[PDB]
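Below is one structure; the comments refer to it alone.
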Ligand SMILES: *[C@@H]1O[C@H](CO)[C@@H](O[C@@H]2O[C@H](CO)[C@@H](O[C@@H]3O[C@H](CO)[C@@H](O)[C@H](O)[C@@H]3O)[C@H](O)[C@H]2NC(C)=O)[C@H](O)[C@H]1NC(C)=O
Ligand SMILES: *[C@@H]1O[C@H](CO)[C@@H](O)[C@H](O)[C@H]1NC(C)=O
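Numbering (the entry's author numbering), first residue to last: 1 to 373.
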């Protein structure tokens with residue numbers, strides 16, 4: 001909980017822009033930081049403080065004790081699957097193993113600001129657009145760009161001076177019990193819930209954008225997702241399809257409010273695509289929009305999402321697969337064209353190692369002001 005001196009932590013800078021209707025786009029000095037749990041933490045004598053996703057009780061009985069004795073280290077970002085250049089960020093599901101195979105480095109990054117706190121994105125009544133390359137992501141792979149209402153300082157406190165510069169304080173709508181819940185040891189082994197907007201969870205075969213609203217207590221773990229295949233338009237998204245996933249494309253997510261201003265109440269989430277210089281038509285007539293969100297209705301639904309988006313959330317980038325489900329909920333069944341088995345990590349690392357997602361040209365701001373005439 002003090003920054004280690006062995007591996008200096010240098011955050012790779014990723015060029016992002018905030019855009020106004022009248023003032024145009026202004027560049028931000030944003031970087032990316034890899035998640036807390038991916039890091040090695042040790043003693044002053046190089047005895048580790050972590051052991052198997054759980055602290056080493058000999059060294060962290062206390063949180064005061066653990067603040068004093070422990071030092072969390074920097075990261076080889078290229079080794080971790082992360083490579084960055086200009087506005088572009090490439091994330092690799094796998095990296096070569098010295099022992100001959102492929103290690104499954106599964107990066108989770110956050111958008112960090114100049115001050116060393118997370119760059120909070122206020123998106124109620126606002127839009128966020130980026131370009132993506134998911135051509136090399138097959139079934140069962142999750143290239144993900146989302147937001148979470150995590151603390152901007154990552155939860156840093158008197159006993160944790162590392163904080164967001166080391167990816168501290170992750171939370172999501174699945175309320176995960178982290179070994180450090182918001183910057184401090186989870187002695188209680190509690191779960192950390194917070195509102196989570198998923199802009200993209202996708203591969204070249206299927207995709208979904210999901211809002212998950214939360215009370216302070218709990219979350220709508222499975223939100224009111226929007227998958228075009230699952231809504232009937234099965235040959236809309238895919239290689240060669242209306243939106244060609246084999247080439248780069250542009251994703252615009254628009255958070256529409258009743259009064260038109262960030263001050264208002266969130267009433268819809270509209271998704272628009274552009275590729276090959278042209279607006280790609282919506283799957284459903286009159287727009288790919290989320291108005292109704294029944295699942296969230298026990299959590300003040302879709303309105304509380306707008307309040308968290310208005311407060312400002314943390315930008316998260318990720319790529320992963322699950323050994324349990326094969327991501328079948330995303331790309332299989334009536335949600336996509338993949339087999340129940342096809343999505344299994346075994347088949348992936350065999351057939352598509354170095355499957356990777358490329359996020360680029362992230363911009364956010366006034367609606368209509370982030371895309372280009
Ligand atoms: C929790 O952390 C404890 C304490 O940092 C770790 O235990 C330590 O492990 C190292 C290496 O296994 C021991 O090193 C040896 O120390 C003795 C005397 O220092 C020396 O004669 C040896 O040549 C070697 O340097 C160290 O003593 C030991 N310390 C204690 C207090 O047990 C440990 O890795 C963690 N616990 C678990 C269960 O993993
Ligand atoms: C996370 O930690 C920060 C600072 O220690 C605290 O301000 C913030 O409230 C904590 N988390 C939550 C749930 O607020």
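The beta-carbon is built from N, C-alpha and C at its ideal position, and this holds for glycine as well.
What residues in its chain sit with their C-beta under 7 Å from that of residue 218, if we drop five residues either side in the sequence? 175, 193
Please state if the CB of residue 363 and the CB of residue 355 are separated by a distance shorter than 8 Å. no
For a test of the three-state rule: what should DSSP assign to residue 331, helix, strand or coil? helix
Please say whether residue 313 and residue 148 have beta carbons closer to each other than 8 Å? A Cβ-Cβ contact shorter than 8 Å links residue 148 with residue 313.
With H, G and I counted as helix, E and B as strand and the rest as coil, what does DSSP make of residue 360? strand
Residue 226 classed as buried or exposed, judged by whether at least 16 other C-beta atoms fall within 10 angstroms: Label assigned to residue 226: buried.
What does a CB cutoff of less than 7 Å around residue 268 pick up in its chain, not counting 5 residues either side in sequence? 256, 289, 290, 291
The alpha helix (DSSP H) enclosing residue 7, as first and last residue numbers: Segment: none, residue 7 is in no alpha helix (DSSP H) and carries neither H nor E.
Can you give the Cα-Cα distance for residue 274 and residue 251, rounded to whole angstroms? In a straight line, the C-alpha of residue 274 is about 7 Å away from that of residue 251.
Just to confirm, does residue 62 get its C-beta within under 7 Å of one of the non-hydrogen atoms of ligand 1? Every heavy atom of ligand 1 is 7 Å or more from the Cβ of residue 62, so no.
Count the other CB atoms within 10 Å of the CB of residue 357; is the residue buried (16 or more) or exposed (fewer)? buried
Could you pull out every unbroken beta strand (DSSP E) segment of at least 3 residues lying fully inside the segment 269-349, listed in chain order? 278-280, 288-290, 313-320
Report whether the distance from the Cβ of residue 182 to the nearest heavy atom of ligand 2 is below 7 Å. yes
Heavy atom of ligand 1 less than 7 Å from the Cβ of residue 59, yes or no? Indeed, a heavy atom of ligand 1 lies less than 7 Å from the Cβ.
I'd like the span of the beta strand (DSSP E) that includes residue 16, first residue to last. Residues 16-20.
Residue 402: beta carbon under 7 Å from a heavy atom of ligand 1? The displayed coordinates of the chain run from 1 to 373. Any statement about residue 402 would go beyond what the structure contains.
Taking the Cβ atom as the reference point for each residue, do residue 349 and residue 38 lie within a distance shorter than 8 Å? no
Flag residue 169 as yes when its Cβ comes closer than 7 Å to any non-hydrogen atom of ligand 2, and as no otherwise. The closest heavy atom of ligand 2 lies less than 7 Å from the beta carbon of residue 169.
Where does residue 239 land, buried or exposed, given buried means 16+ other C-beta within 10 angstroms? By the Cβ-count criterion, residue 239 is exposed, with fewer than 16 other Cβ atoms from all chains shown falling within 10 Å of its own Cβ.
Every unbroken beta strand (DSSP E) within the segment 79-167, with a cutoff of 3 residues, ordered by chain: 82-85, 88-92, 108-112, 127-133, 142-148
Based on the DSSP secondary-structure assignment, which residues constitute the bridge partners of residue 27? Partner(s): 17.
Would you check whether ligand 2 has a heavy atom nearer than 7 Å to the C-beta of residue 265? no
Cβ shell of residue 287 (< 6 Å), same chain only, five flanking positions each side left out: Only 270 meet the Cβ criterion.
Residues that residue 198 bridges to, as DSSP identifies them: 146, 210
Ligand 1 heavy atoms versus the CB of residue 52: any closer than 7 Å? no
Quick one: does the C-beta of residue 308 sit closer than 7 Å to a heavy atom of ligand 2? no
For ligand 2, any of its heavy atoms closer than 7 Å to the Cβ of residue 230? Residue 230 has its CB no nearer than 7 Å to any heavy atom of ligand 2.
In angstroms with no decimal places, state the Cα-to-Cα distance between residue 102 and residue 344. 15 Å
Pairwise C-alpha distance: residue 266 and residue 188: 35 Å
Report yes if the CB atom of residue 161 is closer than 8 Å to the CB atom of residue 3, and no otherwise. Yes, Cβ-Cβ distance for residue 161 and residue 3 is below 8 Å.
Would DSSP call residue 65 helix, strand or coil? helix
Looking at the structure shown, is residue 36 part of a helix, part of a strand, or coil, going by DSSP? helix
Out of curiosity, what's the CA-to-CA distance linking residue 190 and residue 182? 11 Å
Three or more C-beta pairs under 8 Å: does that hold for the segment 25-42 against the segment 103-114? Flag = yes, the segment 25-42 and the segment 103-114 touch.
Just to confirm my understanding: we take residue 86, look at its own chain, exclude 5 residues before and 5 after, and list those with CB closer than 7 Å. What are they? 15, listed in sequence order.
Pairwise C-alpha distance: residue 338 and residue 236: 15 Å
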